[PDB]
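Down below is the structure, laid out as structure tokens.
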Amino acid sequence: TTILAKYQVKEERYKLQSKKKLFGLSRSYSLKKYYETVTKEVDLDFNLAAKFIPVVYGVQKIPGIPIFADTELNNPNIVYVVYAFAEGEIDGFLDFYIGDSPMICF
Amino acid sequence: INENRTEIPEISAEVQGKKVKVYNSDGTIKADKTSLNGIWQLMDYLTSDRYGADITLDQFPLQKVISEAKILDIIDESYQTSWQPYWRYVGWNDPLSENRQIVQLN
Amino acid sequence: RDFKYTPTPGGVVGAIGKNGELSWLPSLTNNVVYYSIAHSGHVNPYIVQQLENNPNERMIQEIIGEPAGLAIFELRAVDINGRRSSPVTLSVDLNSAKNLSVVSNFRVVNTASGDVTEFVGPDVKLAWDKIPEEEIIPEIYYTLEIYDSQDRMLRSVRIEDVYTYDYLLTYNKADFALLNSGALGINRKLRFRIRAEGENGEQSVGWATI
Amino acid sequence: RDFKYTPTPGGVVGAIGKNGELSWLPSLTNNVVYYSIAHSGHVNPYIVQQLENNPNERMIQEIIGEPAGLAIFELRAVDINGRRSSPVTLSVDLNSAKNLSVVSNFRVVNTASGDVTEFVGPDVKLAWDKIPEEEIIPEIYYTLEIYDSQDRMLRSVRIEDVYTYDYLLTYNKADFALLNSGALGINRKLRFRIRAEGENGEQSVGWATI
């Protein structure tokens, strides 16, 4: 994460999208509290629960947790970064969101 | 990284999900693709010692679970398959097929 | 990375009055927009836009017209957000320009009417206009060498503190007739060429000839 | 929007050596600061600052001096945050310039002393200096047409692979006396005018006359 932060904006320097956005509205929550608790991004420097590997059943969008990041020696502007998506034998990746825009347009 | 993409954007992906074991009434075992059925997903989560509780398949009546899965596999006739244009990204694999189960979970 | 200063070579076409050029490698930060190098004498810094980002390509900043002395540079990298990097300071003994300019308006005083390739007086008067770079380097002189009709050297005279020269009758009629042809005569057809030189500064870019 | 290339017209005052100009509409994004169009031959891209934002006004980028051939452009819009838009690529068969420069230093060799409007030799020698755009377009020639004292055309001669021409005595004394006045004579008073032309490139901006 620290190595990757060098090649990012000042914001989103140490951040990651929440794996699960909506979790379920029951009698344990109220409307205001339930819809205020839902978060979009979490800081990785103080959230050890954001480094757990999720498990996905069906087609769902999940963020990638970096586990390696390093550049080439004679080409320092070429950087290899490894993101661990999901757990177990998955069928495959349907699409990749490079930023907020998927490679395959809508 | 070059003159144009000066920063590494946040990477997210749309996975298809972990493959699950779908038990059939006759006795054969089919685990080649992920399943949207809730009972099979719960059975995968409950019989995995890597993530979750390690409940062996011995402590499970296969016939009852198979019969209860078909309850969630009942075809719904309220809507038409043509009405979903994002068929590939809602868990379906072939628009020609039925894909109209009463309860489908991603 | 690798902030250095490279003095200009001895003699090259063009590059008149150019001191050494400053070179550096691009910052490893990839969102830098430009660099602000601050010369000591100049009130405003040079702004060098980074338009093409190749880490293994040297960026340059040339100096033209700065007199020799103590020059202190400070190089910074500027982001898109406006944050500046820690400056890189280089103090180098700046050299004197070694690619001077050609003497201008090298014309012959006392010239014949109608046709200009003909003399009118016994002594040819050589007038030239000042070289522009006199201001930058004070210790500069002019080497005026006069040739013959048969492409044989005759005179090599240095002119200093004056932008004009005359070729006395006595000289041609006695000294350069005797020492060369061992006799009395006056070479009627001559060729004059002149250039600028300094004690430490080097020659002009090219010869200035009639 | 609407990235196009418009070749320059045939003949217009000024615009010497100018190829076609590139035009585009401003990006609908309102926080774009400038545009970075990258020509194939040039190492650095053109930076066009967007200072006035009117969506229905075309921005321009002219090309001066690029030789005809295969030119590929890529146009991007740059934000304040540094994000670049998806490039717009246009490959157009770039034309040859059609607004050439005037011939320079069109002077008469063998000219009379004292007064320059008088001949000195039997054959007038016409010397001209090279047009600057020779390098860009190789297939260029000069159309030298000579007129009379009474504003009557005499000669129309094309000069190629040479920057000089002579007007032989035989020509004037026989050919152009006989074919025009049906007799023997030599038009003493003449008018010479010349311009540059190419097989595909068009005429010079204006006539170069004595």
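In the structure tokens, the first chain shown is A, the next is B, and so on; residue numbers restart at 1 for each chain, and ligands run from 1 in the order shown.
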Could you please tell me, as a PyMOL selection string, which residues of chain B have an atom within 8 Å of chain A when using only C-alpha atoms?
chain B and resi 1-2+6-19+33-36+41+89-91+105-106
What would the file look like if the residues just selected were written as a compact mmCIF listing (two decimals), in the first residue's frame with N, CA and C atoms?
# COMPACT_ATOMS: atom_id res chain seq x y z
N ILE B 1 2.62 4.11 -16.87
CA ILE B 1 2.40 5.50 -16.53
C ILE B 1 3.17 6.38 -17.50
N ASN B 2 2.49 7.37 -18.07
CA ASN B 2 3.07 8.20 -19.11
C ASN B 2 2.48 9.60 -18.99
N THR B 6 -1.18 9.77 -15.47
CA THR B 6 -0.15 10.13 -14.51
C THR B 6 -0.39 9.53 -13.13
N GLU B 7 -1.56 8.94 -12.90
CA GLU B 7 -1.88 8.35 -11.61
C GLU B 7 -2.49 6.97 -11.84
N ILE B 8 -2.37 6.11 -10.84
CA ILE B 8 -2.95 4.77 -10.88
C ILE B 8 -4.38 4.86 -10.37
N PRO B 9 -5.39 4.61 -11.21
CA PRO B 9 -6.77 4.72 -10.74
C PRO B 9 -7.17 3.55 -9.86
N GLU B 10 -8.25 3.75 -9.11
CA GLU B 10 -8.77 2.70 -8.24
C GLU B 10 -9.32 1.55 -9.07
N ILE B 11 -8.85 0.33 -8.78
CA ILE B 11 -9.16 -0.85 -9.58
C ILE B 11 -10.28 -1.63 -8.90
N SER B 12 -11.32 -1.94 -9.67
CA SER B 12 -12.41 -2.78 -9.21
C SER B 12 -12.78 -3.73 -10.34
N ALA B 13 -13.37 -4.86 -9.97
CA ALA B 13 -13.66 -5.89 -10.96
C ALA B 13 -15.00 -6.52 -10.66
N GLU B 14 -15.60 -7.11 -11.69
CA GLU B 14 -16.87 -7.82 -11.58
C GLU B 14 -16.58 -9.31 -11.78
N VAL B 15 -16.48 -10.04 -10.68
CA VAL B 15 -16.21 -11.47 -10.73
C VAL B 15 -17.52 -12.22 -10.91
N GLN B 16 -17.41 -13.48 -11.33
CA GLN B 16 -18.59 -14.32 -11.48
C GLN B 16 -18.85 -15.20 -10.26
N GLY B 17 -17.88 -15.35 -9.37
CA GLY B 17 -18.15 -15.97 -8.09
C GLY B 17 -17.59 -17.38 -8.00
N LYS B 18 -17.49 -17.86 -6.76
CA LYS B 18 -16.93 -19.17 -6.47
C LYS B 18 -17.85 -20.27 -6.96
N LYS B 19 -17.26 -21.32 -7.54
CA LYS B 19 -18.04 -22.48 -7.97
C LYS B 19 -18.54 -23.25 -6.76
N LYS B 33 -19.82 -24.61 -12.18
CA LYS B 33 -20.20 -23.21 -12.29
C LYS B 33 -20.82 -22.76 -10.98
N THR B 34 -20.78 -21.45 -10.75
CA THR B 34 -21.44 -20.88 -9.59
C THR B 34 -22.95 -20.98 -9.76
N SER B 35 -23.66 -21.04 -8.64
CA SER B 35 -25.11 -21.15 -8.64
C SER B 35 -25.72 -19.98 -7.88
N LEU B 36 -26.82 -19.46 -8.43
CA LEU B 36 -27.56 -18.38 -7.81
C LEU B 36 -28.52 -18.86 -6.73
N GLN B 41 -25.49 -21.91 -2.06
CA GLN B 41 -24.51 -20.96 -1.54
C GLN B 41 -24.33 -21.13 -0.04
N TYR B 89 -24.98 -9.70 -16.63
CA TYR B 89 -24.43 -9.18 -15.39
C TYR B 89 -25.38 -9.29 -14.21
N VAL B 90 -26.45 -10.08 -14.33
CA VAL B 90 -27.33 -10.37 -13.21
C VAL B 90 -27.26 -11.84 -12.82
N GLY B 91 -26.24 -12.56 -13.29
CA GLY B 91 -26.05 -13.96 -12.97
C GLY B 91 -26.46 -14.92 -14.06
N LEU B 105 -29.97 -15.03 -6.03
CA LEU B 105 -29.11 -14.24 -5.16
C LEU B 105 -27.70 -14.16 -5.73
N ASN B 106 -27.21 -12.93 -5.88
CA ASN B 106 -25.81 -12.65 -6.18
C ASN B 106 -25.24 -11.94 -4.96
As a ChimeraX atom specification, list the residues of stretch 11-209 of chain D assigned to strand (DSSP E or B) by DSSP on the backbone atoms of this structure.
/D:18-24,32-37,46-49,59-64,69-75,77-79,84,88-94,100,104-109,111,119,124-129,140-147,153-159,164-167,191-198,204,208-209
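Between atom CA of residue C:110 and atom CA of residue C:123 the separation is 8.3 Å.
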Find the residues around stretch 23-32 of chain D up to 7 Å (only C-alpha atoms counted), leave out those fewer than 3 positions away in its own chain, and share them as a PyMOL selection string.
chain D and resi 1-5+55+57-61+77-80
Env of stretch 136-152 of chain D: 8 Å cut, atoms = only C-alpha atoms, seq-sep filter 2 positions within chain, self excluded. Answer as an NGL selection string.
:D and (65-68 or 96 or 133-134 or 154-161 or 187 or 189-199 or 201)
If you run DSSP over the backbone, which residues in chain B end up alpha helix (DSSP H)? Put them as a ChimeraX atom specification.
/B:38-46,62-72
Taking N, CA and C atoms for each residue, export the selection above as a short mmCIF file (atom, residue, chain, number, x, y, z; two decimals), in the first residue's frame.
data_model
loop_
_atom_site.label_atom_id
_atom_site.label_comp_id
_atom_site.auth_asym_id
_atom_site.auth_seq_id
_atom_site.Cartn_x
_atom_site.Cartn_y
_atom_site.Cartn_z
N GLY B 38 -29.94 -19.92 -3.34
CA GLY B 38 -29.47 -19.55 -2.01
C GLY B 38 -29.02 -20.74 -1.19
N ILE B 39 -29.72 -21.86 -1.31
CA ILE B 39 -29.42 -23.02 -0.47
C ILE B 39 -28.05 -23.59 -0.81
N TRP B 40 -27.70 -23.62 -2.10
CA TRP B 40 -26.39 -24.14 -2.47
C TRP B 40 -25.27 -23.22 -1.98
N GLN B 41 -25.49 -21.91 -2.06
CA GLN B 41 -24.51 -20.96 -1.54
C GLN B 41 -24.33 -21.13 -0.04
N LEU B 42 -25.43 -21.27 0.70
CA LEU B 42 -25.33 -21.49 2.14
C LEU B 42 -24.64 -22.81 2.46
N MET B 43 -24.92 -23.85 1.67
CA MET B 43 -24.29 -25.15 1.89
C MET B 43 -22.79 -25.07 1.65
N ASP B 44 -22.38 -24.33 0.62
CA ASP B 44 -20.95 -24.11 0.38
C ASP B 44 -20.31 -23.35 1.54
N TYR B 45 -21.00 -22.31 2.03
CA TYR B 45 -20.43 -21.54 3.13
C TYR B 45 -20.36 -22.34 4.42
N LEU B 46 -21.27 -23.29 4.61
CA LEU B 46 -21.34 -24.04 5.86
C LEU B 46 -20.43 -25.26 5.89
N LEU B 62 -29.31 -35.10 2.44
CA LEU B 62 -29.20 -34.61 1.06
C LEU B 62 -30.56 -34.50 0.39
N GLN B 63 -31.46 -35.46 0.64
CA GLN B 63 -32.75 -35.45 -0.04
C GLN B 63 -33.58 -34.24 0.36
N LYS B 64 -33.60 -33.90 1.65
CA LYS B 64 -34.37 -32.75 2.10
C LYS B 64 -33.83 -31.45 1.50
N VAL B 65 -32.50 -31.30 1.49
CA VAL B 65 -31.90 -30.09 0.93
C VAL B 65 -32.19 -30.00 -0.57
N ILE B 66 -32.10 -31.13 -1.28
CA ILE B 66 -32.38 -31.14 -2.71
C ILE B 66 -33.83 -30.75 -2.97
N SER B 67 -34.76 -31.29 -2.17
CA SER B 67 -36.17 -30.96 -2.35
C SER B 67 -36.44 -29.49 -2.03
N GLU B 68 -35.75 -28.94 -1.02
CA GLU B 68 -35.95 -27.54 -0.67
C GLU B 68 -35.33 -26.59 -1.68
N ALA B 69 -34.27 -27.02 -2.38
CA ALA B 69 -33.68 -26.17 -3.41
C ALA B 69 -34.65 -25.94 -4.56
N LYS B 70 -35.40 -26.97 -4.95
CA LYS B 70 -36.37 -26.82 -6.03
C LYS B 70 -37.46 -25.81 -5.68
N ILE B 71 -37.71 -25.60 -4.38
CA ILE B 71 -38.67 -24.58 -3.98
C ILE B 71 -38.18 -23.20 -4.39
N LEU B 72 -36.90 -22.92 -4.19
CA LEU B 72 -36.30 -21.68 -4.67
C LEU B 72 -36.02 -21.72 -6.16
#
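The two atoms in question, atom CA of residue C:7 and atom CA of residue C:93, are spaced 10.1 Å apart.
Residue-level contact on chain D: within 10 Å of chain C, counting only C-alpha atoms, the set is residues 36, 43, 44, 45, 46, 47, 80, 81, 82, 112, 113, 114 and 115 of chain D.
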Go ahead and save the residues from that selection, with C-alpha atoms, as a short mmCIF file (atom, residue, chain, number, x, y, z; two decimals), in the first residue's frame.
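To be explicit, this is the file written out as part_29.cif:
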data_model
loop_
_atom_site.label_atom_id
_atom_site.label_comp_id
_atom_site.auth_asym_id
_atom_site.auth_seq_id
_atom_site.Cartn_x
_atom_site.Cartn_y
_atom_site.Cartn_z
CA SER D 36 -2.55 18.84 -26.44
CA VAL D 43 8.53 15.52 -30.99
CA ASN D 44 6.53 17.97 -28.88
CA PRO D 45 2.76 18.46 -29.14
CA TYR D 46 1.06 21.78 -29.75
CA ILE D 47 -0.46 23.22 -26.57
CA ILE D 80 -7.41 21.27 -14.21
CA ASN D 81 -6.86 18.04 -12.26
CA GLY D 82 -4.54 16.69 -14.97
CA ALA D 112 26.03 50.12 -64.77
CA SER D 113 28.06 52.08 -62.25
CA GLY D 114 26.80 55.33 -60.78
CA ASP D 115 23.23 54.69 -61.93
#
